[PDB]
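Before any questions on how it binds or moves, here is one chain, the form deposited in one PDB entry, in structure tokens.
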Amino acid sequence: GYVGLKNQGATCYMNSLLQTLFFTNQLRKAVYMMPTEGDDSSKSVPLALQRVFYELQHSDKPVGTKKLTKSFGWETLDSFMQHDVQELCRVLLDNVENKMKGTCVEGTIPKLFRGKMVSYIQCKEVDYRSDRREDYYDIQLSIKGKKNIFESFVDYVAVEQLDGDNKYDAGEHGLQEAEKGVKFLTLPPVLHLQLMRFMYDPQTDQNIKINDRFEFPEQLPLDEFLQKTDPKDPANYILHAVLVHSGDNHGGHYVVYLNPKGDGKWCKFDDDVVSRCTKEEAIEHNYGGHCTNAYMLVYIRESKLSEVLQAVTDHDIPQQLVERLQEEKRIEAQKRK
């Protein structure tokens, strides 16, 4: 049923992320609604994303991404090497949130992808506490020395002591013994997790890939990490996508596994070749140990699954957008002949 993206070795994780976003159907529908009719054919990242999405949705042949990469200005070999995957996501989703501003789909990116957490300092021997709320669109999880996603989460919210050299400064009170930590207030409908497999190394001043075993489940209960649970919306997550990489460097092989409709029927998207695969190939096989493994995972909250993955028909694509892309295709085929 699904079509691939053309191979573009220098773009590393880009293709895998494009598919991930394409299959967040509620995002996709919102993308098709952006008022792009006036945009510049070659400078508009919102237009270029609509074009990629349309073509992934209608083309029988593998879809191209050069107009997209031009639009957001990452046209060099090391544009992709100087950035993390989530930084690409931010560049894409921001352009798109901004273009949806003032429209009926304003607020769609925050609604899907944004959560809130509290970061806090608590002094031990005096009453003074500081709470600060931060929003996040993604979470970077540590995997070195952790067996599984559960353990990463426990480490994320684990309390970090501050004393001796590392003491905290409590103004009125003094420098003080304290505890530092984070808790989640909310977890969004679509949860983007990056795994910290690529880490700086001082002993050799260079980033190295860590290929250790790291287990992640199909079904992920996260109530334990919330500051306050909701008994009417339990934080149960369902695995949607597994972004995978083989080898040790930016020359390696990047693929993504998805179960697009949430029903546990999986596929592997390996640039232009899309094929059915087993649940075992998408999940277990990419734990690592034994250089092929996952560096980013997408989960969808169970109570939102129906909404996030609502069907998208061609009726959901304004005809002004169809005509403009179909005219582009007409003229390319014309210069071709």
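Only the largest set of C-alpha atoms that superpose within 1.5 Å between the two forms is called the rigid core. The first residue of the shown sequence is 1; numbering continues from there.
There is another form of the same protein, the form deposited in another entry; it is not shown, and what comes next is about it.
With the rigid core aligned between this form and the one not shown, only one of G251, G264, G145, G102 has a CA shift of 2 Å or more: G251. After superposing the rigid core, the Cα of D39 is displaced by 2 Å or more between this form and the one not shown.
After superposition on the rigid core, the Cα atom of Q86 is displaced by less than 2 Å between this form and the one not shown. For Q122, a C-alpha deviation of 2 angstroms or more is recorded between this form and the one not shown after rigid-core alignment. Inter-residue distance, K268 to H250 (Cα): increased by at least 3 Å in that other deposited form versus the depicted form. The pair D40 and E55 is tighter in that other deposited form: their Cα-Cα distance falls by no less than 3 Å compared with this form.
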